[PDB]
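[1] Provided hereafter are the protein sequence and its experimental coordinates.
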Amino acid sequence: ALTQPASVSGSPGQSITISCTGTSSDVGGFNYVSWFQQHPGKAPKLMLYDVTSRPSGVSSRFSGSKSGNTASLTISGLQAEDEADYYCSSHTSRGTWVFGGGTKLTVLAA
Amino acid sequence: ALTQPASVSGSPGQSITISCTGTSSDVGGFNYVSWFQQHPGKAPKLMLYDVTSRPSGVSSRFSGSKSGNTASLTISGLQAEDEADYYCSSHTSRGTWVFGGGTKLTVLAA
Amino acid sequence: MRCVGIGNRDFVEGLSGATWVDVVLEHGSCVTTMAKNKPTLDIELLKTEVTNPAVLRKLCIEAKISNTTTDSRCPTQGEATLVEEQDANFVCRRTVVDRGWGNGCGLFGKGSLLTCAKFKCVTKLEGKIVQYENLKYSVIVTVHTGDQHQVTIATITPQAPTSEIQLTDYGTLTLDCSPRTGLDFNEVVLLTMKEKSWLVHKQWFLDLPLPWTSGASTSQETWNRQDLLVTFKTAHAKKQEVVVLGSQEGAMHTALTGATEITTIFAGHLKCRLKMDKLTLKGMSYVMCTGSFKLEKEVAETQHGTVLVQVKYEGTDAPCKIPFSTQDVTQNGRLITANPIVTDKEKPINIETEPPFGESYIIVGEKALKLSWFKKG
Amino acid sequence: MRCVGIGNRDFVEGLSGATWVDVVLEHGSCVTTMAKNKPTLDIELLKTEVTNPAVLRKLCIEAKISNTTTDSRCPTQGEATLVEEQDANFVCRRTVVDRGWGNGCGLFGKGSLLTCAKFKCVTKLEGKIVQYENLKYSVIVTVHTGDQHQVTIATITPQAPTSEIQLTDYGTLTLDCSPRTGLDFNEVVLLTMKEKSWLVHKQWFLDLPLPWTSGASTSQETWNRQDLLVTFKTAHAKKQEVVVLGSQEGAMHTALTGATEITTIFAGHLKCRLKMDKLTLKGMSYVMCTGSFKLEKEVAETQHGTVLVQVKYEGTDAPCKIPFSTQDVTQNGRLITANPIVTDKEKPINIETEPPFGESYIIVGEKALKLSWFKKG
Amino acid sequence: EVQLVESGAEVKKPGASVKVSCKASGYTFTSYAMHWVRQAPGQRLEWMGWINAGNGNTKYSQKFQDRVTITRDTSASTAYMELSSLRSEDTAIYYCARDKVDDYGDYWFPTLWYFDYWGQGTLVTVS
Amino acid sequence: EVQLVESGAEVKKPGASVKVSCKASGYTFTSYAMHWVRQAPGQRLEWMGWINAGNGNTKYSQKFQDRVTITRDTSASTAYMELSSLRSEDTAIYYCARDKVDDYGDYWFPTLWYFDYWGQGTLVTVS
Ligand SMILES: *[C@@H]1O[C@H](CO[C@@H]2O[C@@H](C)[C@@H](O)[C@@H](O)[C@@H]2O)[C@@H](O)[C@H](O)[C@H]1NC(C)=O
Ligand SMILES: *[C@@H]1O[C@H](CO[C@@H]2O[C@@H](C)[C@@H](O)[C@@H](O)[C@@H]2O)[C@@H](O)[C@H](O)[C@H]1NC(C)=O
């Protein structure tokens, strides 16, 4: 029910934003949006919560923001390890949780 | 719970009484006593009810009476067909029914 | 002999040369009617029942809930909504709760919160409308036997209140009955609930504080005024919990103490006149009898001062008539068993008679029976 | 920040040079305590619960019957008897009925008739006695953070009403609590019934018209005063039928409307004094800071006129102190977040402040932030 | 004429359940209660119980209380008696007998001529 | 450290029921609700539900409502998730994730840092 791109690409050193669009009921209505970083065959790791807040351990490069029905997580100072799937989550008005479709972020070499 | 003899005998022409002894609760307490005549392999036939009353069809020879806790059915003008088992029945104070052990009445030839 | 054993018994005697008597029939009351040169009869209203009531309204006394869901919005962002709000099976309430940054709101304040739950009614009562036309009274009339049982009843409508009733060996009695309902059946309702039924004023019934529906089997069972069993309350400005009330069956019984308890059966009363012109007491033909009697059962007094004498006969004449009277000095005593007859010398016959107060002697002749009797008063 | 989101919030400020403040703790009420040159704290009575009540008496609100048996005797022949008359599980009533020749009696009149039925209670409530000694209050006290959650509570008895509570980075607060019960626990009973509990005057409880037993598991469950749910009535002088009353759960709820609802939990109130002598507000050591801030979240006003400002910092000094004040013409505004500090320039920090009525300007410096604010009143 | 007719002779071995029918003719079946009473070969009559054919109310005797079940099917003027968990001493001729119900449809006090008409008996036999 | 550990990799074929465990360590298990969320190989995360480990209250999502059962055993710090009547599209990595319960023991509004710690996932596979 939450929509995002399918894939997004960049190159080392650059900044890159991934968006996450929902309803008045989930994303545009509450600050209960958060971003997760999943590596292949691994648990999703919480990297952002409360649209802008970062758990201890995540560095300043990641940052979130919200506009209308669309949250946006963007990474600055791109690095090779940031190659991963990213998922956005939001609590809904009905007391449930919804995710996005996930976006595979690829960083190339040159 | 109702007691009577086991067997009683007589000869044609004579009178013969069979007694039936119970409680204040069944026989001595209520007029709900009645006598039945069973032939071998046959339904018991009601011959007396309400200690003295006879259904239409039973002749005057049979008659009943009650004294204390003991009802008594006696047959006068004894006949050969009167050879049979006789059972006494009484309603009880608790709304149930009890029978006697039955007495086999035999009439001889001479 | 149908009322002699009953305590709630009434004697109705017609004055001189009357062909008829008026009687009043209530439930649990047995009436013996008498007229001179007529048989004595026993009459009782066994049951009144109305066929085919119509369910006016079914109230529900015990309910339960399921599928609880809530919608909540942050302050400034409008009221909360749930699709179940126009599902008639759901009961709902809207309120407000505390909200801020800590629960995902960019603004501090009151946010709307709506709670909805499926309303399932577990047990119900029903008020039915009853119609005068569809009443039927069952009235049994018998003859005051004399004889022993050897080994009828009439249906009365408001549209057929007169019944001809044929009494073998005695003729035909005509029973003319008016239903005397103490009610207005449009303004009272027959309330049934878990095997037990009353009938009560209607306006009361429609004022009873329970969820109701004019339950038609043509639509699924939705409930109006669900709030009289299912409510909601706000727990310290963040939660809302459903309050179910519990089965009102006991409350209903406590409210129905001062009511009138009971196809469907009821207990009213019925006024009637019995016309006995084509009635004749059999045994008029016979001859006063010849022989001696003998007590088959001791003299027994009923709960109405009258006494019962059962006897068996001596003599040749099979069909005949018992000589009978009593004295202090003889006065022709009252007899309820009318014209005591000997139908079968084999069989024993009962005679019910009212004796005079104080000491009396009942005589029943050559070697006749002189039974001493005394009546207290 | 534990009470800023709550609406039922109280501010308690100590007068000049006070080491202590008295507070009153009710359920659903969050209190923030302040003292000059002291940290601001938040305190709330979460729950009070009594451990281990004792069942004083169990009443039964819904019963059913079984194994119905009757004994009957003819008139003159004494009263009817049944072995079940001294079986405590049976409820019984004796009466009289019409009897005569027709039902096996040699005498007409009233005969005794006794009816007995097994009394099985289907659902019950229980009143428990609660004891002041076995009360325990759960009181949580926290510091008015400033900082963000990065990814205590005290038990209070009547026998240990003072709790020392250690607050990391701030010292040790001493909380001295007197239970102020508005009750006399010997004269009130905790009534529980099918998940839900109240506490009510005792004499009322013992006067409630339901069968009871001081239920000891040492004996099987027999009932006293079974007649308040199971009775008998004589149907027209020959039958006797058992009258079961129906579940009094709804009647109980309707009677408990004007009551106080809820090992076992309760809601009272608690008076306490907080002594903060060994408390010190950390960050006293630091230096008023050098750089600019920037709003991480827009200024948000709570339900108490106070506003929340969350910011992130500019500059070199990792540990430091926010310069902070507001003006119409500057007056040192009130601050609930005491001594706003920078613990980690990476992380964002909240400051709650009471602004003056009407128009105010909050400033937080070289390129400092001038946030316009207005308060209605 | 009044007539009561029961099922055929049946032999079942211990542990089973036995059901014996009784169909009445010559009288209104719903105006009478049907009693069941058994007797082993050469021994006394032992009253089992009765059922009101009008409302289906039962009454059982203590010896059979939760072994017997007396039921009615008014459609075919029939009363049934079923015995559970049969044991050594259950072999008997089983009889049904009628007694009339009072004018209100109830059965509290029987009539003085109870059991005026009987079935002809069916043996249930053990093994 | 905070740690969530679930059961082994399990393969069951359609029609059966599957049960997967989750045992928590490093925090008071009764202070958190345990959520379950699944994802098929190469597809999105799909929130299944949660249970309050304090009072056992559950909440399910519509897609799984009467197929899922989430339970708790507080003795061993363990929450269980069982799926009934599995079908073609049930193959997934199943995760548990925690979220703290409020100071009153209730779970109405989650915390902003929900799902701060996860299990490591278990595949349930179809055939
Ligand atoms: C609504 O509830 C139906 C059954 O009622 C309740 O079901 C669960 C929730 C139990 O906790 C208990 O309260 C009742 O048995 C279920 O079929 C299902 O949960 C819901 N029905 C739907 C959604 O159609
Ligand atoms: C008492 O009743 C027990 C069970 O209660 C009722 O049993 C029958 C009579 C049904 O009609 C229904 O009312 C109840 O299930 C039975 O075990 C048995 O009848 C009696 N128990 C004894 C005599 O120990």
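    Alright, I've got the coordinates. Residues are numbered from 1 along each chain as shown, chains lettered A, B, ... in the order given. Ligands and ions are numbered 1, 2, ... in the order given.

[2] so residue 98 is in which element?
    You didn't say which chain, so I picked chain A. Assigned by DSSP states H and E, residue A:98 belongs to strand A:97-99.

[3] Actually, chain E is the one I wanted.
    According to DSSP H and E, residue E:98 maps onto strand E:92-100.

[4] anything in that strand near chain B?
    Yes - for strand E:92-100, a contact with chain B is found by Cβ under 8 Å from any Cβ of the partner chain, at residue E:95. Every C-beta, even on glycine, is put in place using the N, C-alpha and C of the backbone.

[5] Can you name the residues in contact with the one helix or strand residue C:172 maps to?
    Residue C:172 is part of strand C:171-179 when elements are defined by DSSP H and E. By Cβ atoms under 8 Å, 6 or more residues apart in numbering or on different chains, the surrounding residues in contact with strand C:171-179 are C:41, C:43, C:132, C:135, C:137, C:139, C:141, C:154, C:156, C:158, C:161-167, C:268, C:270-280.

[6] got the CA positions of that strand in PDB?
    Extracted in PDB, the C-alpha atoms of strand C:171-179 (Å, rounded to 0.1, in the frame of the first residue of the first chain):
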ATOM      1  CA  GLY C 171     -80.000 -35.000  26.100                       C
ATOM      2  CA  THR C 172     -78.400 -31.900  24.700                       C
ATOM      3  CA  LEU C 173     -77.200 -28.900  26.800                       C
ATOM      4  CA  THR C 174     -76.700 -25.500  25.100                       C
ATOM      5  CA  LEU C 175     -73.800 -23.500  26.500                       C
ATOM      6  CA  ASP C 176     -73.800 -19.700  25.600                       C
ATOM      7  CA  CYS C 177     -70.500 -18.000  26.500                       C
ATOM      8  CA  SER C 178     -69.300 -14.400  26.500                       C
ATOM      9  CA  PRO C 179     -65.600 -13.800  26.800                       C
END
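
[7] buried set for it?
    Across strand C:171-179, burial judged by 16 or more other Cβ atoms under 10 Å in any protein chain shown covers C:171, C:173, C:174, C:175, C:177, C:179.

[8] What's the PyMOL line that selects buried ones from the contacts of strand C:171-179?
    To isolate the buried members of the contacts of strand C:171-179 in PyMOL, using 16+ other Cβ under 10 Å:
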select buried, chain C and resi 41+43+135+137+139+141+154+156+158+163+165+167+268+270+272+274+276+279+280
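
[9] Take the contacts of strand C:171-179 and keep only those in strands.
    Counted as lying in strands by DSSP state E, out of the contacts of strand C:171-179, are C:41, C:43, C:135, C:137, C:139, C:141, C:154, C:156, C:162-167, C:270-275.

[10] Identify all contacting residues around the next helix or strand after the strand holding residue A:98.
    The C-terminal neighbour of strand A:97-99 among helices and strands, as given by DSSP H and E, is strand A:103-107. Strand A:103-107 has contacts (Cβ under 8 Å, 6+ apart) with A:4-12, A:16, A:18, A:75, A:78-80, A:82-86.

[11] And stretch C:149-163, by the same measure?
    In contact with stretch C:149-163 (Cβ under 8 Å, 6+ apart) are residues B:46, B:49, B:55-56, C:46, C:132-133, C:135-142, C:165-167, C:174-179, C:270, C:347, E:113, E:116.

[12] ok, then the element right after the strand holding residue C:172?
    By DSSP H and E, the next helix or strand past strand C:171-179 is strand C:188-193.

[13] Indicate whether that following strand makes contact with chain D.
    No - using Cβ under 8 Å from any Cβ, strand C:188-193 stays clear of chain D, with a minimum separation of 8.7 Å.

[14] For that strand, name the packing helices and strands.
    On a contact count with 3 or more Cβ pairs under 8 Å, 6 or more residues apart in numbering or on different chains; DSSP states H and E, strand C:188-193 meets strand C:109-129, strand C:196-201, helix C:202-206, strand C:264-266.

[15] is any part of the shortest one close to chain E?
    No - using Cβ under 8 Å from any Cβ, strand C:264-266 stays clear of chain E, with a minimum separation of 10.0 Å.

[16] If you count neighbours, what's buried in that strand?
    So, applying 16+ other Cβ under 10 Å, buried residues of strand C:264-266: C:264, C:266.

[17] From ligand 1, how far out is the residue nearest in space to the middle of chain E?
    Centroid-nearest residue in chain E: residue E:36, 2.7 Å away (criterion: Cα atoms, centre = their mean). Using Cβ to the nearest ligand atom, to the nearest Å, we find residue E:36 at a distance of 44 Å from ligand 1.

[18] Show me the beta-bridge partners of that residue.
    residue E:49, residue E:96 (DSSP bridges).

[19] elements contacting whichever strand or helix holds residue E:72?
    Using DSSP H and E, residue E:72 falls within strand E:68-73. Applying 3+ Cβ pairs under 8 Å, 6+ apart, one finds that strand E:68-73 makes contact with strand E:32-39, strand E:46-52, strand E:58-60, strand E:78-84.

[20] can you pull the contacts of the residue of the stretch 151-300 of chain C found nearest chain F?
    Nearest residue of the stretch 151-300 of chain C to chain F, counting by Cβ to the nearest Cβ: residue C:239, 5.4 Å away. By Cβ under 8 Å, 6+ apart, the residues touching residue C:239 are C:97, F:106, F:108.

[21] how close does it sit to residue F:102?
    Counting by Cβ to Cβ, to the nearest Å, the separation of residue C:239 from residue F:102 is 10 Å.

[22] list the residues that contact both of the two?
    residue F:108.

[23] Which single residue in the stretch 101-250 of chain C comes nearest to chain B?
    For the stretch 101-250 of chain C, Cβ to the nearest Cβ, closest residue to chain B: residue C:151, 4.0 Å.

[24] What is the burial count for that residue?
    16 (other Cβ atoms under 10 Å in any protein chain shown).

[25] so it is in which element?
    Using DSSP H and E, no helix or strand contains residue C:151.

[26] OK, contacts around residue E:34?
    Counted by Cβ under 8 Å, 6+ apart, residue E:34 has contacts E:22, E:24, E:50, E:51, E:53, E:70, E:72, E:79, E:96, E:97, E:98.

[27] Could you rerun that using 10 Å?
    E:4, E:22, E:24, E:49-53, E:70-72, E:78-81, E:96-99, E:119 (Cβ atoms under 10 Å, 6 or more residues apart in numbering or on different chains).

[28] With residue B:99 as the reference, measure out to it.
    From residue E:34 to residue B:99 the distance is 18 Å (Cβ to Cβ).

[29] quick revisit: now list the buried members of the contacts of residue E:34.
    In these, the ones that pass as buried (16+ other Cβ under 10 Å) are E:4, E:22, E:24, E:49-53, E:70, E:72, E:78-81, E:96-99, E:119.

[30] Convert stretch C:25-37 to PDB, retaining C-alpha atoms only.
    Provided in PDB are the C-alpha atoms of stretch C:25-37 (Å, rounded to 0.1, in the frame of the first residue of the first chain):
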ATOM      1  CA  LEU C  25     -65.700 -19.800  34.900                       C
ATOM      2  CA  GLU C  26     -62.200 -19.000  36.200                       C
ATOM      3  CA  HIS C  27     -59.100 -21.200  35.900                       C
ATOM      4  CA  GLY C  28     -58.600 -23.600  38.800                       C
ATOM      5  CA  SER C  29     -62.300 -23.300  39.700                       C
ATOM      6  CA  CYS C  30     -64.800 -26.100  39.200                       C
ATOM      7  CA  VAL C  31     -68.500 -25.300  39.200                       C
ATOM      8  CA  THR C  32     -71.400 -27.700  39.800                       C
ATOM      9  CA  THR C  33     -74.700 -26.500  38.400                       C
ATOM     10  CA  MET C  34     -78.100 -27.700  39.700                       C
ATOM     11  CA  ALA C  35     -81.700 -27.300  38.800                       C
ATOM     12  CA  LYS C  36     -84.700 -29.100  40.200                       C
ATOM     13  CA  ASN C  37     -85.900 -32.100  38.100                       C
END
